[PDB]
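I have placed the structure first, in the form of structure tokens, so that the comments after it can refer back to it.
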Amino acid sequence: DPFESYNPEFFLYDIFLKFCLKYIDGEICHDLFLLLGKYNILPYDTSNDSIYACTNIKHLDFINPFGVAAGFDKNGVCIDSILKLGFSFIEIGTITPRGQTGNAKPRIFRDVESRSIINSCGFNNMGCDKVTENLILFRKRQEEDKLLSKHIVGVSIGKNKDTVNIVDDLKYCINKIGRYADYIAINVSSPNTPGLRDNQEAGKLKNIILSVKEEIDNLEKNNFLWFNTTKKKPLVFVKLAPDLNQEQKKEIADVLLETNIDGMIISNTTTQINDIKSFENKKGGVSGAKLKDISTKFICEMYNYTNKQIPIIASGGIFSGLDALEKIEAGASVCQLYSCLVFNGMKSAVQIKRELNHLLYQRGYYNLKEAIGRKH
Ligand SMILES: Cc1cc2nc3c(=O)[nH]c(=O)nc-3n(C[C@H](O)[C@H](O)[C@H](O)COP(=O)(O)O)c2cc1C
Ligand SMILES: CCOC(=O)c1[nH]cc(Cc2ccc(C(F)(F)F)c3ncoc23)c1C
Ligand SMILES: O=C(O)c1cc(=O)[nH]c(=O)[nH]1
């Protein structure tokens, strides 16, 4: 009930959301969100997640199939509050070895009528050292909090603006924060770091994945060890860009199979949406509803190109339970949200979980795992 108690669907946060989306700068609303979470003002979802909507990627056991995508909590300043809204996992970052301010503001803009966002942030983050300290503090609180014992935390890693070879920055981050991550997400798909997406070329991508895997394996040798949720070394995911041709996607699939990567995040923002009058002026990558179809088709292609052997984390225009089921039936095992929290507020997780559960029931699925890839 929106009015009777304090909970994710509390009516006042919807009043706030309407005021924010109409009058307040996008990045300012997001900072206010994080401040409320940093001081544990936001409401909790203490509901038991349905046993039939759980999912997994190898040993990662997601209590439910909805997490928060990278770029929402870049520095891990309110990991607890975001998770407690009802999410099973969060991807902090993307982080860089040293801190950097990013591109000039304003750099985030929303189109409410199309439920779309465009951003040109440029990997703004406090730096690997400080974000590592932020994550360690969460891991210590997690061991005591019975609401977070099974929640998953991944770390997205990139490179600083003036780094020549990306692997040098990735290796630094892994040795600093890898011990506290349940998985590592390699960001070679940001459209706001010039030249980053070139690293999706098969040759460079293979070298990057293998270098990241070796550094994670070296953490074990060089060094209680795994202060994370799984108590195992982090898995390795790659986050891919949607603006690729079929031959690019096929050679990427061959690399992902050859390197035994643990999963792929499909996908990052697109630069190929010029349908939004309000974004005419603007630079950066686009998120939200206008990315949904692009991202779902991309999931179908990679699911087939990898012969269903690489688990998929879905990202792009997921707002409703039907949207999530589309991603799942396309080949995704788990979903990430971002734009949904921007346009629907604190109730995003509670609402979408209920919609998905009622849909799996309406469609005749016994559980979510049964729906993975059923479109094929
Ligand atoms: C303001 C903003 C910042 C983002 N920062 C990152 C980031 O740092 N690393 C990353 O991998 N993705 C980043 N993303 C992309 C999102 O993680 C997500 O892949 C994308 O928004 C598509 O999901 P959506 O349609 O639900 O918003 C960012 C997106 C936005 C809008
Ligand atoms: C481009 C991304 O930045 C954003 O626009 C953004 N990020 C998160 C949100 C959602 C949100 C933010 C602040 C509050 C408030 F009022 F409680 F502080 C909210 N209440 C309900 O939803 C709220 C938004 C709009
Ligand atoms: O930091 C950014 O500018 C950024 C990174 C990324 O991976 N995706 C995105 O849309 N923006």
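Start at 1 and count along the chain as shown; that gives each residue its number.
For all residues, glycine too, the Cβ spot is worked out from N, Cα and C.
Cross-referencing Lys74, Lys231, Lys232, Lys308 with the substrate binding residues that Swiss-Prot gives (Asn119, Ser120, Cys121, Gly122, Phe123, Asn187, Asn192, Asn268, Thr269) picks out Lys74. Annotation for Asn268 (substrate binding site): spatial neighbours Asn187, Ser189, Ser190, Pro191, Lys239, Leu240, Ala241, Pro242, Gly285, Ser315, criterion Cβ-Cβ under 8 Å with sequence separation of six or more. Checking the binding-site residues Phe72, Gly122, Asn187, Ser315, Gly317 against ligand 1, the ones whose Cβ sits under 6 Å from it are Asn187, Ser315, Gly317. Cβ environment of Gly317 (FMN binding site): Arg115, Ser287, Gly288, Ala289, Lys290, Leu291, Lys292, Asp293, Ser295, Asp323, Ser339 lie under 8 Å away, each six or more residues apart in the same chain. Within 10 Å of the C-beta atom of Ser287 (FMN binding site) sit 28 other C-beta atoms, taking all shown protein chains into account. Site extent for substrate: among the recorded binding residues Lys74, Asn119, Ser120, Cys121, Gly122, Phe123, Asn187, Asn192, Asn268, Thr269, the largest C-alpha separation is 16 Å. Each residue contributes its Cα atom, and for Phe72 (FMN binding site) and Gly122 (substrate binding site) these two points are 14 Å apart.
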